[PDB]
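Trainee: sequence and experimental coordinates follow.
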Amino acid sequence: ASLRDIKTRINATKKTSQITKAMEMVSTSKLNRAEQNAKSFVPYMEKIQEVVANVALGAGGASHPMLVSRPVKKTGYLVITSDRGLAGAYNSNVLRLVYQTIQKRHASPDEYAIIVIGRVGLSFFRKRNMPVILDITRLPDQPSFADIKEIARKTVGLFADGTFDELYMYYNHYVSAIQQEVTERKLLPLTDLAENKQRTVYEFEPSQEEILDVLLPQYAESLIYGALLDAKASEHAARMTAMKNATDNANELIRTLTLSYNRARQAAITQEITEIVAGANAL
Amino acid sequence: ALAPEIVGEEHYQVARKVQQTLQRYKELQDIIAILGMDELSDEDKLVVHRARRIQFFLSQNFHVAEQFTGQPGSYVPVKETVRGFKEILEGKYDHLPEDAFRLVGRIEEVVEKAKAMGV
Amino acid sequence: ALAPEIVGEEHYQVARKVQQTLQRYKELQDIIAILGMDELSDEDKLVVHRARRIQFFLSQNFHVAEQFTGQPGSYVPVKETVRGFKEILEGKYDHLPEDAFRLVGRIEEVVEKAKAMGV
Amino acid sequence: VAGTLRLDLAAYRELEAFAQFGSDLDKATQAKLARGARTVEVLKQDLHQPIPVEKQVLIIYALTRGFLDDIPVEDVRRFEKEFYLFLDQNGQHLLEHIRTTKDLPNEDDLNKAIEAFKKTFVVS
Amino acid sequence: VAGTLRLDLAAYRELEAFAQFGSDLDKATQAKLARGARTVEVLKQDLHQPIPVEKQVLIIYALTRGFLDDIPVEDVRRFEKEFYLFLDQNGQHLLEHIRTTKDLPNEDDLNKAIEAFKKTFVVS
């Protein structure tokens, strides 16, 4: 092509590299600020779980650990996604796995039940026809427990009163800052715990059952919030690595186009010199 | 001769839409190369999906190319070309594999080839 | 000529600061366009707020533009213009709409136009 | 109206470099992109079909004042054609005023005519 | 001292990009950004005023030995300007030692001289 042809594409690709690098820096700072909330959350979850470790053992339960396990009636499923893209296959992995597993295990809309977080999940389920019940459209880049608390309370209440059988949350974990992958876990029935008794005889000032009946929903809300924090960290790491690879590829394209431009302009120049020399020689 | 009063409004519309889709696909190449395919919006994905199939369907097996390749060749009327490209544009054959369209004649041979490959 | 002893310390300070603010604003266009300016830090939003007004204040109505627009021109002394830019930088005019600063002379006429439009 | 058209088109072309980064941007940016796309669709024109200036000014006014912003992008051409046809039978006084005085007609009357046509227009 | 200066300058020029949001302790803010910033500040020079090699050695040694860690970035130039006068007033032994032997003076003597100067310096 021409030098005029090459320059425009070089300009566009350089601007793209600039924008991608800027977004990478922003995501880096966001990840740094995002890990602090997980650090703050860990003690709360551990301190509630250690109390559970003796309060919730040795008893039938309040239909949470009883494993009411109604076979198939809109058992809940939690999907946590981003709101803006540029994260690679981050949202695609979660939505793909959720759709495949839910279509394999369930086959009637009355047996189905989904709760979704983020815009892209809704934007994809509109392409599909799934029965969404409720949603949270946006969440600040540093979400607190109180930010999601009301919807967590709504979902746990729907689990209560026999309306919802049991819940699974599907979200992304991260092995490191560079690798993020999916997990799912069966949440409300709480099939696993550990046993230790310190003040097991009397921690129960109103009674044994009453404190448990209200302690369990708050515990489930804490679990959902922890999953949310892990999903947010995975999202920021994913955008970091995606923008890094995008900038690398754009720089490779810069290198190729620049070599082509430099090699074409030299041929044009030597053509001009040949024309001058021949014109002089003709006289 | 590519004017509506000469070839017909349907022919003109089909040709202009095909050229528009191909130009968009040409323009998207650099962003596909650097930012990946998945980052494309939902409409641009459909544009690429249709554009590759049109680009392959433009190929044809000639009678005198029987010497080079075993395929015997085909002769395609303008009406059949127009109808086939219109059907491709309106998304009738979005589910066929890309290689089904390559080096065939009328639109029905694409269906037959896909059936042979199991689609 | 833009040296401390040629134009004065105050003039050099004001000019250097204006150039710095514009250069900083040049780095935030893409970020502001893609991600809403709300995610930026509080200082950067104020920097943008000042840079818009500086850019609009650099424009001026000419006497020869009488034919082109129908508005008479203006002549701004250098002392008055450096004082005006210093006032804008130090923020005693962040309360006026940005449309007020376009195509006008001295800083007082900016307040007059803003009052005319109804601030 | 040409100055407003220039400003809108310049803003659109500056922001177009970011339209490649998805449909989620700052809330004003997608509105600006929509307006720019509508201007691009308006400026299109077929072969051997010159347009009188008194109709060009009216359609560009309708574009630039936002009366076109509720209409989808692909319906703009049909809107322009139906609008010329409507103006042939109604609002002829607008055409005569512009054609004889080289100036826009009464502001309220023009808006009323645009609203009247927009009532009878149909959208796909 | 030049070898020590080279690496600090290169590291700062490498990490200039991430300046806006640095949180990874020294890797982001200390002795990898602050040291480089102070290096860039001491490499600035006024027009038409060369300085002797011994004074260059003194100032670069001061920068590389961490004796400027507490001075704010906007006061390093005045620090250097005052330090030259303090050298002319007290460090005649060190300056003559360098100017004669082309080698650095005693480490402890030099450190106590710069500490005595820092006692008399006032931060703005």
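Mentor: That came through fine. Numbering: from 1, shown residues only, chains lettered A, B, ... in the order given.
Trainee: drop to CA atoms for contacts and neighbour counts, all remaining ones
Mentor: Will do.
Trainee: now do the helix or strand hosting residue A:44: which elements does it pack against?
Mentor: According to DSSP states H and E, residue A:44 maps onto helix A:3-55. Where contact means 3 or more C-alpha pairs under 8 Å, 6 or more residues apart in numbering or on different chains; DSSP states H and E, helix A:3-55 is packed against helix A:208-282, helix C:29-34.
Trainee: those: which one's closest to chain D?
Mentor: With C-alpha to the nearest C-alpha as the criterion, chain D lies closest to helix C:29-34 of the helices and strands packed on helix A:3-55, at 4.8 Å.
Trainee: does chain D sit close to that closest one?
Mentor: Yes - judged by C-alpha under 8 Å from any C-alpha of the partner chain, helix C:29-34 and chain D are in contact via C:30, C:32, C:33, C:34.
Trainee: pull the contacting residues for the first one.
Mentor: With contacts defined as C-alpha atoms under 8 Å, 6 or more residues apart in numbering or on different chains, residue C:30 is in contact with A:19, D:18.
Trainee: for chain A, what lies in contact range of chain B?
Mentor: A:85, A:86, A:88, A:89, A:246, A:247, A:249, A:250, A:253.
Trainee: at 10 Å instead, please
Mentor: For chain A, the residues in contact with chain B (C-alpha under 10 Å from any C-alpha of the partner chain) are A:9, A:12-13, A:16-17, A:20, A:85-89, A:92, A:242-243, A:245-253.
Trainee: that's a helix at residue A:79, yeah?
Mentor: No - counting by DSSP: H, G, I helix; E, B strand; the rest coil, one finds residue A:79 to be strand, located in no helix.
Trainee: skip the chain neighbours and tell me the closest residue to it.
Mentor: Spatial nearest neighbour of residue A:79, chain neighbours left out: residue A:116 (4.7 Å); criterion: C-alpha to C-alpha, 6 or more residues apart in numbering or on different chains.
Trainee: give the contact list for residue D:24.
Mentor: Taking C-alpha atoms under 10 Å, 6 or more residues apart in numbering or on different chains, we find residue D:24 in contact with A:83, A:84, A:85, C:34, C:35, C:36, D:30.
Trainee: looking at those residues, spot the one nearest chain B.
Mentor: For these, the nearest to chain B is residue A:85 (7.3 Å; C-alpha to the nearest C-alpha).
Trainee: test my guess that the closest one contacts residue A:239.
Mentor: Yes - if you go by C-alpha atoms under 10 Å, residue A:85 and residue A:239 touch, sitting 8.3 Å apart.
Trainee: these two: which has the busier surroundings?
Mentor: residue A:239 (25 against 21; other C-alpha atoms under 10 Å in any protein chain shown).
Trainee: ok so, going back, could I get the helices and strands packed on helix A:3-55 as JSON lines with distance to residue A:198?
Mentor: Listed next are the helices and strands packed on helix A:3-55 as JSON lines, based on distance: least, C-alpha to C-alpha, whole Å:
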{"stretch": "helix A:208-282", "distance to residue A:198": "15"}
{"stretch": "helix C:29-34", "distance to residue A:198": "55"}
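Trainee: residues of the stretch 51-200 of chain A that sit close to chain C?
Mentor: So the stretch 51-200 of chain A meets chain C at A:84, A:140, A:141 (C-alpha under 10 Å from any C-alpha).
Trainee: look at the last one and give its secondary structure.
Mentor: Meaning residue A:141. Residue A:141 - assigned by three-state DSSP - is coil.
Trainee: how much space between it and chain D?
Mentor: Separation of residue A:141 from chain D (C-alpha to the nearest C-alpha, to the nearest Å) stands at 16 Å.
Trainee: please apply the same query to the second one.
Mentor: In this structure, residue A:140 lies at 15 Å from chain D, with C-alpha to the nearest C-alpha as the measure.
Trainee: which ones are touching that residue?
Mentor: Contacts of residue A:140 by C-alpha under 10 Å, 6+ apart are A:147, C:39.
Trainee: circling back: show me how far the helix holding residue A:44 is from its chain's centre.
Mentor: Relative to its chain's centre, helix A:3-55 lies at 11 Å (C-alpha atoms, centre = their mean, to the nearest Å).
Trainee: circling back to that earlier point, reformat the contacts of residue D:24 as JSON lines; add secondary structure.
Mentor: JSON lines is the format used below for those (three-state DSSP):
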{"residue": "A:83", "secondary structure": "coil"}
{"residue": "A:84", "secondary structure": "coil"}
{"residue": "A:85", "secondary structure": "coil"}
{"residue": "C:34", "secondary structure": "helix"}
{"residue": "C:35", "secondary structure": "coil"}
{"residue": "C:36", "secondary structure": "coil"}
{"residue": "D:30", "secondary structure": "helix"}
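Trainee: then the helix or strand hosting residue D:8 to CSV, C-alphas only?
Mentor: Under the criterion of DSSP H and E, residue D:8 resides in helix D:2-15. Below are the C-alpha coordinates for helix D:2-15, written out as CSV (Å, rounded to 0.1, in the frame of the first residue of the first chain):
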residue,chain,number,x,y,z
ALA,D,2,-25.2,24.8,9.8
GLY,D,3,-23.1,25.8,12.7
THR,D,4,-25.0,23.4,15.1
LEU,D,5,-24.6,20.7,12.5
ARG,D,6,-20.9,21.3,12.3
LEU,D,7,-20.5,21.2,16.1
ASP,D,8,-22.5,17.9,16.4
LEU,D,9,-20.6,16.2,13.6
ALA,D,10,-17.2,17.3,15.0
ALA,D,11,-18.1,15.9,18.4
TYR,D,12,-19.3,12.7,16.9
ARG,D,13,-16.1,12.2,14.9
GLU,D,14,-13.9,12.9,17.9
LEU,D,15,-15.8,10.4,20.1
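Trainee: hmm, that helix in reach of chain A?
Mentor: No - with C-alpha under 10 Å from any C-alpha as the criterion, chain A is not reached by helix D:2-15; the gap is at least 12.5 Å.
Trainee: who touches that helix?
Mentor: So helix D:2-15 is contacted by C:29-30, C:33-34, D:16, D:19, D:29-40, D:57, D:60-61, D:63-65 (C-alpha under 10 Å, 6+ apart).
Trainee: what about 8 Å?
Mentor: Helix D:2-15 has contacts (C-alpha under 8 Å, 6+ apart) with C:33, D:29, D:32, D:33, D:35, D:36, D:39, D:60, D:64.
Trainee: not counting sequence-adjacent ones, nearest residue to the residue in chain A positioned nearest to chain C?
Mentor: In chain A, the residue that lies nearest chain C is residue A:19 (6.5 Å; C-alpha to the nearest C-alpha). Once flanking residues are discounted, residue A:19 sits nearest to residue C:30: 6.5 Å by C-alpha to C-alpha, 6+ apart.
Trainee: how far is stretch A:50-66 from where the chain is centred?
Mentor: The answer for stretch A:50-66 is 31 Å, by C-alpha atoms, centre = their mean.
Trainee: give the burial count for residue 118, as a bare number.
Mentor: Since no chain was named, I'll use chain A. When neighbours are counted by other C-alpha under 10 Å, residue A:118 registers 18.
Trainee: correction: the question concerned chain B.
Mentor: 9.
Trainee: and if you look at residue B:54?
Mentor: 22.
Trainee: picking up where we left off before, can you flag the buried ones in the residues of chain A next to chain B?
Mentor: The neighbour-count criterion (16 or more other C-alpha atoms under 10 Å in any protein chain shown) marks A:13, A:16-17, A:20, A:85-89, A:92, A:242-243, A:245-251, A:253 among the residues of chain A next to chain B as buried.
Trainee: surely residue A:183 and residue A:170 touch.
Mentor: Yes - Residue A:183 lies in contact with residue A:170 (C-alpha atoms under 8 Å); the separation is 6.0 Å.
Trainee: give me the more crowded residue out of these two.
Mentor: residue A:170 (23 against 13).
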